[PDB]
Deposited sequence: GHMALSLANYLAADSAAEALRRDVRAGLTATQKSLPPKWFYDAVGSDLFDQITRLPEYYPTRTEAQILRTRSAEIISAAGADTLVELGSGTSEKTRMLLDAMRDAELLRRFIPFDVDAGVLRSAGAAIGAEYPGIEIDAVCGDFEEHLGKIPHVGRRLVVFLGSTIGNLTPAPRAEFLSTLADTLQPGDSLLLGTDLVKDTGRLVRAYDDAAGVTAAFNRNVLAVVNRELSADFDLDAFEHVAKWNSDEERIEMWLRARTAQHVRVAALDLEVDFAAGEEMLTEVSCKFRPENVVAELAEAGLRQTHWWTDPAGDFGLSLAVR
């Protein structure tokens, strides 16, 4: 029920300041952009729905790999502590915890994410399902507070969903290098990476028939409207998903149907969009198996295991110091 440890390194005023800075920088850039972290206001609900769309294969593909190989993953890791870069709300989390329990290894769960309220809820759910488990939640941002994750036990750190694909190569390398420097001998990283495949399937996964992804994308405008007193007309922006073959990444864009004039009153800022002008809201890099090995090695980690679905749509790596 209520048994919990929670460390909170984020402040409400500090997040508000981060949004101010990001929106000012992004809307005044020669090529306009907004960071996708701001998708996930209570947007989080829309993303949950996205994971169940027929076109969006990543979640169910990763889940099926875990469903059939979690015992092997847990045996390879030999960890008694599961660290999740994420909130611990998924079935995937339970697949891993179940296997750790079956192996009589499980002692501790450490969820790491940016919303304290969700960490509390997940902690209560996990606590009830795995009596005796120690839960140490950390509210922090995984590009700054990784050093705050406790080093107790032998740790399996998981970063699922190909969320690592939201980082472009330079910040991605810095992230993996930093994460690797918080690991001890005996610790393991379990990394989910979505893989290069048919480009039609890729684009459709980010431009579903039902329009749910379009709603998710346009909602970042609603976040700016509410939080920074802006007047984006959401109906005036078209959802566009692109495959960038040079960078091998999916991109989400918002395209102005007609010229728009947007005042972001909280920033004392007026922003103009030309008819047809596009603003970048997300990248989702896709990986080649051989390159995953290389990126891990450059970060100081040796890939010891690789799991992929029979179609080769998605990959999971286990890597060690």
Discussion item. Could you spell out the stretches of the deposited sequence that were left without C-alpha coordinates, going in sequence order?
Written reply: 1, 44
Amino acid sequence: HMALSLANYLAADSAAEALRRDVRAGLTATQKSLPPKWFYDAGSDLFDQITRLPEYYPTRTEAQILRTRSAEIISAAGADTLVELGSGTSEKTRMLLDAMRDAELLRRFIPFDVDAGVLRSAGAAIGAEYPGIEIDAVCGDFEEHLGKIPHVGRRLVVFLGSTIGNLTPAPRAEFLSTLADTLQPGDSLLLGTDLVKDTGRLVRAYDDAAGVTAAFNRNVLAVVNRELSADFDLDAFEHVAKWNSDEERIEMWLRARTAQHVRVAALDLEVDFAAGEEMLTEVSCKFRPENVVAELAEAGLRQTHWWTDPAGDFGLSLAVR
From here on, numbers count along this sequence of modelled residues.
Item to complete: May I ask you to compare 169-177 and 143-151 by their mean CA B factor in the entry and name the higher one?
Response: 143-151
Worksheet item: Averaging C-alpha B-factors over each stretch, which comes out higher, 223-231 or 125-133?
Response: 125-133
Worksheet entry | Candidate residues 94, 197, 204, 242, the one whose C-alpha B factor the record puts highest | 94
Worksheet, complete the sentence: Based on the PDB entry, the highest CA temperature factor among the options 80, 251, 238, 208 is that of 80
Fill in: Third of the chain, ranked by Cα B-factor, where residue 61 sits
lowest
Worksheet entry | residue 316 CA temperature factor, ranked by third within the chain | lowest
Worksheet item: Going by what the PDB entry lists, where does residue 286 fall on CA B-factor within its chain: lowest, middle or highest third?
Response: lowest
Worksheet, complete the sentence: The third of the chain into which the C-alpha temperature factor of residue 88 falls is the highest
Worksheet entry | Chain-wide C-alpha B factor ranking for residue 270, given as lowest, middle or highest third | highest
